[PDB]
Each structure stands twice: as C-alpha cells, then as structure tokens.
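Given next are two forms of a protein chain, the same chain in both, each as structure tokens and marked structure 1 or structure 2.
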Structure 1
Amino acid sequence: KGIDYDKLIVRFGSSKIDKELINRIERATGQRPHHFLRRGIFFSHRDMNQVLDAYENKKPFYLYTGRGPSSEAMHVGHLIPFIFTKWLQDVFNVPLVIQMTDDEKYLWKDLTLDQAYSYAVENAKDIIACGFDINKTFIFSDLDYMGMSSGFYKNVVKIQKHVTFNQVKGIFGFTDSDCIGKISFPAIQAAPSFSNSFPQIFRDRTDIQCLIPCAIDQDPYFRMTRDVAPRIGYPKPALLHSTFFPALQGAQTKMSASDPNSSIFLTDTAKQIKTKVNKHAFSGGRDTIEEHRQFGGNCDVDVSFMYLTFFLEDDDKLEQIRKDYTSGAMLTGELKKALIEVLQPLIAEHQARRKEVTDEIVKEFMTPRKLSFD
C-alpha cells in the first residue's frame, strides 16, 4: 500500500503536473498530449514551463537520457523513458543526447574496459529500434566521447570541484573502500546536462535548456547537478518525473534484470510473452470465478492492468477494462489476453526494427555531428 506519489512530490519539493501545463504543452505542440501525461504516469517536473517559454519564443532546448550498458536482456520498463523521450522529441522537433555510461559499468560491475564498451554499442541498437530520428538524436559512449569533445571534460572538471566527497557520500553512499573512479563519476553523469558539453551540435553557447525525463526516485540525484548549475554559470536542467513500472511478480518490487520471468524482455518471443503474463503477472482478481463476479478485481494492485496503463493507447478501451474488471464482468484471464495482445506486437515490432539497424547505422548515431531543430 506504499504507492503514494503525491506524498512523494511533497517530500522532494518538486512540482505536480496539472491540466494547465498539459494544455500549454499541447498548444505549444499543436498535438494531443501523450497518454503518460493524460494518465498520471509522468506527474512531476522542475522548470518545464521555462522549457516551454523558450520553445514558444522559438528558442530551442534539448533532451538528455542515459542507459547503463549491460549484457542481460533489456525489458519493457526500460522503455517507459525511451518512449516518452521519443514522443517529446518528435512532438517538439528537438535534439536528443543519449549517454551510454560504459565507464560507470566498468567502474561498478566486473567488466573489462573493452567489454563495457561492447554493451554500450549493442544496447545502442535497442535504443535506435525505438525510432528516434537520426538527424535529431546523438548516442554517445562515455569512453568514446570523452576523448573527442572540446567541451565535455571541461564541464566535468568544472562540476568536479563544486561537488565535495561528502556531497556524494550522502547521496550514493560512497565509502573509503570504493575506487576513485566511482567517487568522481557523478560529474560524468551531470555534464551532459549542459549544452556546451556537445560543441559539435551547439558550438559554444550555454543558453540552451536541457530537459531530462526520468523516474521520481531519481530526483535526489539530479539535485546535485541542479545545485552546481548556476554555481558555474549554467542553466538548471528541466526534469519530468515518472512513476515506477512494476515487476510481474508484484508491485512490492520493481524487481530485476535477472530472475528470469519477472520482466517481459525485448528478446522474449510471442510464446514467452504469453507465458510470463499468464503465469507470473501478479493478479488482483479473486481466487474463484464466483468470488470474482461478486466482488470484482482490484485494479490498483493488478500488474497486468498496470501494464495496460502504460502500453494501451486508447483511453476509452482502458476505462472499459478498468470498469469491468472492478465489477467482475471481466476475468483476470481476459485482462491477461488483452495485455498479451498489446505486448506481442509491441515487442515483436521492436525485434523487427532492431534487425534493420546495421553497423553503418550505429556508427552514424555515435558519430558526433550536426543535427536539426528550432
């Protein structure tokens, strides 16, 4: 029952997203708001109006997200952010910068420097699969970009001294036993938030607003970055907070990346997707059919219904489902089939595109070059 997201906004001191804001965004774009905005999926921001101010006056801004490279599969939750960011991008016709923290993984996990980089490239393919207009998005490897940016490291250093060790010990719990690469990394994570880190596309000029869509329990991490922003004469990056995408087995967790099952993977096949949802997707319906008819299912805790909230685009069909499962008219198996019919095409479509992404294609995304926007 510890789901409260409004009591969450309060303690972090961020701002709730209201109708005002969504309409302002829809007017600014001439488009219909994303369902993530309609349903309270992405409910908080930090300076989103500032971002809109800029856009309305024809003053550009850019978006920045990252991914911690890995070997395991890569699931559906990993898409919430990438999906919202693809919308925002297309909707505003704006530049997207994507950080592949191979160095972080190399520092934290047990990889070979050449390994972590490997993942950064492969994981890049999964990210391209989501569409992302090539003439608008730049995907970089920390390990690769550092040594080919006349502005990235410069910004790391500026951030590196304005952040004490104590500041990170109380935010990532670093210990005297941790390597020096770890203690100093939070700066690498922060740097892309400032426009001149990418001269190849903005040239000098630090007047460009950055927008970072991310999870809400990731806010106390961008505090640091936002605090040391004007302290170094740079604009604070705008945030857009999203809720937690639950793990099949329950909503108590957000679970893993291992524990096979527990997460629909982008590599799972139609059969596999079907199995995981029917067998593991936690059910909020009753145990017997008669008890389910009498009392109905509980939509709040049902994982299969939650997933629908994310991937079912029709607002009306979702409300029908919500209503009938609650009354008992619809049974969890029916809910499951609904979800399965939305996930199979989605995941399979991803598989299709991920096949169309060559090497001469990734090379181009990773090649720092010029782009298109306002």
Structure 2
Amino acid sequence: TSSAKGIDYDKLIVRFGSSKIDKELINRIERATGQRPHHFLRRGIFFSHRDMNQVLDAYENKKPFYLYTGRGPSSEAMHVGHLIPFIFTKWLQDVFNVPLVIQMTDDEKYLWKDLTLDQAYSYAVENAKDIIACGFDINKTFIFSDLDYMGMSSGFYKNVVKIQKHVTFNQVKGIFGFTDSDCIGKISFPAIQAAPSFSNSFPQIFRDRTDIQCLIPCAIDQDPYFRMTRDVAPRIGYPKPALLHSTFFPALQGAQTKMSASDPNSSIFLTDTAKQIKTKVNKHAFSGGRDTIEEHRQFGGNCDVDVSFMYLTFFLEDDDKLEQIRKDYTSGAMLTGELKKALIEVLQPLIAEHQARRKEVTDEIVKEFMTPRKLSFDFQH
C-alpha cells in the first residue's frame, strides 16, 4: 500500500478470500501440460487464484474450458503495465490450447469518462490492435466491443439481465463503492463485465452449450467483479468462473503505486520512442541502490524496492541472467546505473518489437478478430 517494496499480497489474498498459487499448484500445472511453467508463475507475478484446481481437473479429464480477459479502452495510449495479463493469457492459450474471449468495455469507459461513443468505440478497436500484437491465434480468439456485440448476440444481453436481477444496489455499493450520485449506467455495469464468464453468452462460439469451464486471468484489481460473478453463478444455474490473479505492475516512482496512464510520468507507453524509454528509466525509475556509487560498492543495492529490478522480473526471460543481476546488484558489483542500462536494453527491443507487430495488423485483420464467429473449436453440443 505505502511500502516501498509494494503491496503485501499475502495479506491481500487473505482479505480477499482467494487462495495462493503455491509450489504444489505450479507443479500440477507443469505436470498437466508437460511444459515448464511461465516465468510469471515461477516468480510470483501471478500469485493468486480461485478454482484453478477445477480448471486443472477438467483439463486432465479432457473436459473443455475457455479463457476470458478484458480491457478498459479509456485511451489509444497503453503502457507496458497493461501488457502483463495479456502476455500471460497468450501463454495460457498456447499451453492449454483453448478458445479465448476478450471483452473491450467501450461502454464502461463511455459511462465513466468524458468520452464520445465513437471515441470509446475507436479506442476499443485501436487497443485491440495492441492486444492482437501479443500473438493471439486469429482462429481461437474473439475480441469484442461491448457496444457492438451487445446488439449481435442472442445470448449476451439475456445473461446480463439474469445477473442484474441477482445483484442489489447495496451489494455493488459495498463491492465497488458506488453512491446514490452515480449514473444508473455505472451502477449496473458490473453485470456487463460478469456476463462473459458464462459460455452461452457467445452462441457463435459455444452455441447454447452452458457448462464450459471459464478461466479468467486478470490483474488483482479486477477480482471484485468476479468475486461478485462467482456468487451469482450458482444462483442462475451456471458454473463459477475460475481466476488467476497477477500483481500490479509498479509505477516508475515506486512499487506503492501501479503504473497508471493517468500519470504519464509513471508510465512507459507502448508508443514511446527508444530515447523516451531510456530517459524515463534513467530519470524516473526509483532506485534501491545507494546515494553515492562509493556507498553502493560498499553496501550494495536493495532489489526489494528497486523498480528497475522489478521490471526485469517481468520481462527478463532468462532465470540465470536475472539471478546474476540480483546478486551483483545486492553485492554492489553492479551500480544502479548499470542496472538501469540493463533494463533499458530489455524494454527498448520489447516495445520496438511490439510496435512492429502492431503495424502488421491491418483493418481486415482487426475486423476478423472482432467478428463473432465459430472458433475452429468443436464442442460436444
């Protein structure tokens, strides 16, 4: 919350009622897939879950399940922090090889921000290109805009209504903190976000089928929506969706805040130039190192609060190379200046690569991803 080393996610798990992703669960995931678990799991980035056990049972018993995650398109400007969940979702889809549903809440943002319907919709379609740039299989993923899809689904709105009937205003005032002063749109929005947790909201993909297990990978701050969804699921004859939580991507200023596009000073946008990335890291990445280089060589740095090192934790694939850096920074063998330099050498190509991928997705490609249709996945209807 205010700790320089970030939030206490063990306390968070507790006051959230979720369960920790332990060694046991990570080994099971490895066993079930025969693949080495993604570094987000190995390193505690995706630290919490809800019913991942069930998802695994289903997967091992050849039962089907699908992925569902989303994005609030509040702007054309996305940052590196926004990529975490998507990066992991793309891994989950390749590893388990299941269909994916990605909700673009353009209506949410229209409701909450000073935006035009076309703006909101435009940001959804633009952000979709960035999501497509993460590598999702065009034949296994449906990226939809709430504004468009609501009007071209024989089952989506039906579920929204079912959910709306089972969630009182008091409940959402408690869960999300709404007040008598908010517009009725905001008050009923949670149902829109919950609805995609149920397979029959996507007839063109699951056609009336209502049992497919849903797995929702998302940043921990989205949990309240699905904590609510899980309570209503049984009440309306549907299965509870499973969750896989991720920690907040640290703001440049320090781990006590998540990177927020609101404050561009804390973000590294996917549209920043190599130069801008370098100067943002060098000038703004909070350092766990010592004040003078002499003191650094003598006492060493503190990785637990160093933002530059935390970023490496998310983007440096190689486990061994990261460890050297950790040890060398801690022993003072590596100066924060060199740590910084190392991070910049990881992000510049990360972001430049992403821009290259994004430039590749043409109007025709986006349109297809956003067209409801069968996802070359056969279900025992």
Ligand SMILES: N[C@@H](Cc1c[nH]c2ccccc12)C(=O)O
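Shifts are known only where both forms have a C-alpha. Take the two forms, superpose them, and find the largest set of C-alpha atoms that agree within 1.5 Å; that set is the rigid core. Throughout, residue numbering runs from 1 along the sequence of structure 1.
Here the chain coming from the form deposited with ligand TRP bound is structure 2, while structure 1 comes from the other form. With the rigid core aligned between structures 1 and 2, the listed residues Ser150, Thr288, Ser258, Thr164 include just one Cα displaced by at least 2 Å, namely that of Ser258. Relative to the superposed core, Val94 undergoes a Cα shift smaller than 2 Å between structures 1 and 2. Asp300 shows a C-alpha shift below 2 Å between structures 1 and 2 [criterion: core-superposed Cα displacement of 2 Å]. With the core held fixed, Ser70 shows a CA shift of 2 Å or greater between structures 1 and 2. When the rigid core is fitted, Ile232 shows a C-alpha shift of 0.4 Å between structures 1 and 2. Core superposition places the Cα of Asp178 1.5 Å apart between structures 1 and 2. Shown is the Cα shift of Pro220 between structures 1 and 2 after rigid core superposition, which amounts to 3.0 Å. Mapped along the sequence, displacements between structures 1 and 2 of 2 angstroms or more at every C-alpha, sustained over at least 3 residues after core alignment, occur at 1-3, 70-72, 215-221, 258-261, 372-374.
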